[PDB]
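Each chain is listed here by its residues.
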Amino acid sequence: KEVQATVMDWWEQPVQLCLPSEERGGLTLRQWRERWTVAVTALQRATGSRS
Amino acid sequence: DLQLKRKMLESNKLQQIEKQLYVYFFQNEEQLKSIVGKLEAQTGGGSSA
Amino acid sequence: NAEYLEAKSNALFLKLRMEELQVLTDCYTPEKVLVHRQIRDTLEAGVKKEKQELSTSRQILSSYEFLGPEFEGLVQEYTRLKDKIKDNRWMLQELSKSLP
Amino acid sequence: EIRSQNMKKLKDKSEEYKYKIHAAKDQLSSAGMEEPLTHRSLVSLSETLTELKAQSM
């Protein structure tokens, strides 16, 4: 069960959410991940890529 | 489970970069701006055709 | 039969421990360990600052709590009076905006 | 007799796993990794900061 939890922590990487009020370039890490997620989904739509 | 998750990371380079975004946020703000901005510029160039 | 079952138990456990350690090396690269250190130091500085604001706020509170229940009734009466004066001053400010 | 042959193969694999375990521990130590820097430790440190801000307010 401990090994399965270590595999979960490697797969989720929860530390990235520990500082929500830090801003770099006038945006929070969450807003940067949202910009990334929107840009990745726009690029997957444009590439006609049947995922 | 471990063999499945490793094959996902080897096949999807965009997911591998997503997992590094927080490293760039704390170490190199210009590189964060450049990586996200290159992905956004590759999506926006479609109005001069 | 006893020796064979012992050897199979040990081999299964060592395989499990090996895969765990390989996931931990894949997790904690030198660049990420540096970022985790910056995050730790920012969090520890936050925890230390808040423990100090909490302690100072509790000491000033205990100095007023020593003045007894009759003082706490007088504080409630003054707070209720100061709120009414603030409401009446706000009403006067809105009328004078309406002349050209 | 089949179990005895399989026992030899299991002992040989057990020594192979001990070697990989040592190499992985040496790599983790070389990365400057400490127990307070783990994902679990830092999340627990974030949760304790949020609990303290609620008490301070």
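Scope of this entry: the structure provided in the associated data block.

Parameters and conventions
Residues numbered from 1 in each chain as written, not as in the entry; some residues may be left out. Chains lettered and ligands numbered in written order. Part of a larger assembly, values for the part shown. Heavy atoms only, no water. Axes fitted to C-alpha atoms, helices over the stretch in contact; angles between N-to-C directions. Helix = DSSP H or I, 4+ residues; strand = E, 2+ residues; numbered from the N terminus. Parallel < 35°, antiparallel > 145°, perpendicular 65-115°, else oblique. Left-handed = near helix turned anticlockwise from the far one by under 90°. Contact = heavy atoms within 4.5 Å. Nonpolar A, V, L, I, M, F, W, Y, C, P; charged D, E, K, R; others polar. Core = buried A, V, L, I, M, F, W, Y, C linked by side-chain atoms within 4.5 Å. Buried < 20%, exposed > 50% of the residue type's maximum accessible area, 1.4 Å probe, protein only. Salt bridge = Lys/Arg side-chain N within 4 Å of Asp/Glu carboxyl O. Buried area = accessible area lost by both parts, 1.4 Å probe. Polar contact = N/O pair within 3.5 Å; in protein donor to acceptor, adjacent residues only side chain to side chain. Expected span 1.5 Å × (residues − 1).

1. Structural notes on the packing of helix α2 (residues 30-65) of chain C against helix α2 (residues 39-56) of chain D
To characterise two packed helices, one gives the angle between the axes of the helices and the distance between these axes.
Link 1 in the chain: At a closest axis distance of 9 Å, the pairing of α2(C) and α2(D) adopts a crossing angle of 25°. It follows that α2(C) is roughly parallel to α2(D) by the angle criterion. You can see that α2(C) and α2(D) cross each other, and the crossing is left-handed. Contacts between α2(C) and α2(D) involve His36(C), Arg40(C), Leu43(C), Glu44(C), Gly46(C), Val47(C), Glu50(C), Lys51(C), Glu53(C) and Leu54(C) on the former and, on the latter, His39(D), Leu42(D), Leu45(D), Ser46(D), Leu49(D), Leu52(D), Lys53(D), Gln55(D) and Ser56(D).
Link 2 in the chain: Partitioned by chemical class, the residues of the contact of α2(C) with α2(D) number seven nonpolar, six polar and six charged.

2. Considerations on the nonpolar core
In globular proteins that are soluble, nonpolar side chains generally tend to be buried together.
Link 1 in the chain: Core analysis: the largest hydrophobic core is formed by 26 residues, its most contacted members being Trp32(A), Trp36(A), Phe25(B), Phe26(B), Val35(C), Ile39(C) and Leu43(C).
Link 2 in the chain: Where this core is concerned, the elements lending two or more residues are α2 (29-46) of chain A, α3 (21-27) and α4 (29-44) of chain B, α2 of chain C together with α2 of chain D.
Link 3 in the chain: When near neighbours in sequence (up to four residues on either side) are disregarded, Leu43(C) contacts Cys18(A), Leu42(D), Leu45(D), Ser46(D) and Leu49(D).

3. Examining the pattern of salt bridges
Link 1 in the chain: One pass over the structure, following the stated rule, counts 12 salt bridges over all chains.
Link 2 in the chain: For the salt bridge of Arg40(C) with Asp41(C), the shortest nitrogen-to-oxygen distance reads 2.8 Å.
Link 3 in the chain: Judged by relative accessible area, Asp41(C) falls into the partly exposed class, the value being 38%.
Link 4 in the chain: Between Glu15(D) and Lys18(D) there is a salt bridge, with its nearest N and O atoms 2.7 Å apart. Placement of both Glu15(D) and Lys18(D) in helix α1 (residues 2-30) is noted, with a separation of three residues, approximately one turn of the helix.
Link 5 in the chain: Residue classification places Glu15(D) among the partly exposed residues on the basis of a relative accessible area of 46%.
Link 6 in the chain: What you see here is one network of salt bridges that share partners, running through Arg6(B), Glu19(C) and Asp26(C).

4. Points about the interface of chain A and chain C
Many descriptions give the size of an interface as the accessible area lost when the pieces come together.
Link 1 in the chain: The interface of chain A with chain C comprises eight residues on the first partner and 11 residues on the second.
Link 2 in the chain: Summing both partners gives a buried area of about 960 Å² for chain A against chain C, and 78% of it is carried by carbon and sulfur.
Link 3 in the chain: Where chain A packs against chain C, one counts zero salt bridges.
Link 4 in the chain: Joining chain A to chain C, the criterion identifies zero residue pairs in polar contact.
Link 5 in the chain: A per-class count over the side of chain A that touches chain C returns six nonpolar, two polar and no charged.

5. Description of the interface of chain C and chain D
Link 1 in the chain: Across the contact, 28 residues belong to chain C and 29 residues belong to chain D.
Link 2 in the chain: Interface area, chain C with chain D, both sides summed: about 2900 Å², of which 77% is carbon and sulfur.
Link 3 in the chain: At the boundary of chain C and chain D, one finds zero salt bridges.
Link 4 in the chain: At the level of elements, α1 (2-27) and α2 of chain C are the ones that each hand at least two residues to the side of chain C that touches chain D.
Link 5 in the chain: A breakdown of the residues in the side of chain C that touches chain D according to their chemical character gives 14 nonpolar, four polar and 10 charged.

6. Some thoughts on α1(C)
Link 1 in the chain: Relative to the 38 Å expected for 26 residues at 1.5 Å per residue, α1(C) spans 38 Å between its end C-alpha atoms, a close match to the ideal helical length.
Link 2 in the chain: For α1(C), every residue scored as buried is listed here: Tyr4(C), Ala7(C), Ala11(C), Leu14(C), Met18(C), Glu20(C), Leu21(C), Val23(C), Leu24(C), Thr25(C) and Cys27(C).
Link 3 in the chain: On the buried face of α1(C), the contacting elements are α1 (2-12) of chain A, α1 (2-11) of chain B, α2 of chain C together with α1 and α2 of chain D.

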